[PDB]
Amino acid sequence: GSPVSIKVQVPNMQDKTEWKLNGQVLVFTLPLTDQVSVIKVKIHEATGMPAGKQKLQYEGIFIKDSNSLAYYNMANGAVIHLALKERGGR
RNA sequence: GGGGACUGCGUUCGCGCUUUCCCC
Ligand code: NA
């Protein structure tokens with residue numbers, strides 16, 4: 001497909017001094033056939049935040065690695081919201 | 001029996017699994 005602009009809203013998390021979580025909006029250029037996992041790769045390259053630590057949400061949907069951006073009907077200027085994933089357990 | 005930190009993960013976002021531990 002044709003590459004589109006996808007935005008990622010990064011958290012503002014200054015206590016995470018190992019990453020660059022400064023509230024910025026990342027702007028990536030990717031085709032709509034690219035999988036959501038590619039967004040995590042590019043977020044890792046820009047913030048240092050590993051993919052396994054990223055929680056992505058698009059229009060309230062917890063988008064999954066194996067689906068393409070087109071699967072979620074993303075378009076130019078779509079904003080993906082990034083959060084820190086927190087693990088649980090008993 | 002509670003809370004944390006991790007290593008990876010899953011998730012319906014409620015948490016759950018796991019890995020090293022650390023405490024109360
Ligand atoms: Na719900």
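The sequence lines fix the lettering, A, B, ..., with proteins before strands; numbering per chain opens at 1.
- Taking atom P on both nucleotides, B:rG2 is separated from B:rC15 by 15 Å, rounded to a whole Å.
- If you take atom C1' in B:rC22 and the same atom in B:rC9, they sit 22 Å apart, rounded to whole Å.
- Taking the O4'-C1'-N9-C4 or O4'-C1'-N1-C2 dihedral as appropriate, B:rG16 has a value more than 90° from 0 and is therefore anti.
- Annotation: A:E18, atom CD; neighbour count of heavy atoms from other residues, nucleotides and ligands within 6.0 Å is above 12.
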Close N or O pairs between protein and nucleotides 7-13 of chain B (under 3.5 Å):
unit_1, atom_1, unit_2, atom_2, d
B:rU7, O4, A:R87, NE, 3.1
B:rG8, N7, A:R87, NH2, 3.2
B:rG8, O6, A:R87, NE, 3.1
B:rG10, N7, A:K85, NZ, 2.9
B:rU11, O4, A:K55, NZ, 2.8
B:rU11, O4, A:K85, NZ, 3.4
B:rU12, OP2, A:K64, NZ, 2.7
B:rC13, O2, A:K55, NZ, 3.2
B:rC13, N3, A:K55, NZ, 2.9

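- Taking atom P in both B:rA5 and B:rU11, one finds a spacing of 22 Å when rounded to whole Å.
- The gap from the P atom of B:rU12 to that of B:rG16 amounts to 16 Å, rounded to the nearest Å.
- In this entry B:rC15 has B:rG10 as its Watson-Crick or G-U wobble partner, both defining distances falling under 3.5 Å.
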Under 3.5 Å, which donor-acceptor pairs link side chains of residues 69-78 of chain A to any protein atom two or more places apart or in another chain?
unit_1, atom_1, unit_2, atom_2, d
A:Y72, OH, A:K64, N, 2.8
A:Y72, OH, A:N67, ND2, 3.0
A:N76, OD1, A:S5, N, 2.9

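- Both A:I61 and A:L32 belong to a single network of hydrophobic side chains, linked directly or stepwise wherever heavy atoms of I, L, V, M, F, W or Y lie under 4.5 Å apart.
- Residues A:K55 and A:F62 share a closest heavy-atom pair of CD-CD2, 3.6 Å.
- B:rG1 and B:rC13 are spaced 28 Å apart, taking the P atom of each and rounding to whole Å.
- The side-chain heavy atoms of A:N22 and A:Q14, taken from C-beta on, include a pair separated by under 4.5 Å.
- Sugar conformation at B:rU20 is north: the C1'-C2'-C3'-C4' dihedral has a positive sign, consistent with the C3'-endo side.
- Transitive grouping of hydrophobic side chains (ILVMFWY, heavy atoms separated by less than 4.5 Å) brings A:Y58 and A:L84 into a common cluster.
- Pairs engaging residues 29-52 of chain A under the side-chain hydrogen bond (donor to acceptor under 3.5 Å, both in side chains) rule: A:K40-A:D65 [sequence neighbours left out].
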Nucleotide N/O to protein N/O under 3.5 Å, stretch nucleotides 20-24 of chain B:
none

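- A gap of 24 Å separates the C1' atoms of B:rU7 and B:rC24, to the nearest Å.
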For this session: Walk me through it: do A:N12 and A:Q24 pass the test side-chain hydrogen bond (donor to acceptor under 3.5 Å, both in side chains)?
Result: CA-CA 8 Å; A:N12 184 25; A:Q24 70 270 38; over 6 Å; no
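- Using atom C1' as the reference point in both B:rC23 and B:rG10, the two lie 28 Å apart (nearest Å).
- For the pair A:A83 and A:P11, the tightest heavy-atom approach, listed with the atom from each and the gap, is CA-CG, 4.0 Å.
- Within residues 8-16 of chain A, no residue has any heavy atom closer than 4.0 Å to RNA chain B.
- Among residues two or more places apart in sequence or in another chain, the salt bridge (charged side-chain N to carboxylate O under 4.0 Å, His left out) test is passed with A:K53 by none.
- Listed for the A:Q9 side chain is no donor-acceptor partner under 3.5 Å among the backbone atoms of A:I80.
- Considering every non-hydrogen atom in both A:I39 and A:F28, the closest pair reads CD1-CD1, 4.5 Å.
- When the pucker is read from the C1'-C2'-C3'-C4' torsion, the sugar belonging to B:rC9 turns out north, on the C3'-endo side.
- Pairing of B:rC21, defined by two Watson-Crick or G-U wobble distances under 3.5 Å, is identified with B:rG4.
- Neighbouring bases B:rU11 and B:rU12 form no stack, their six-membered rings failing the under 5.5 angstrom centre or under 30 degree plane limit.
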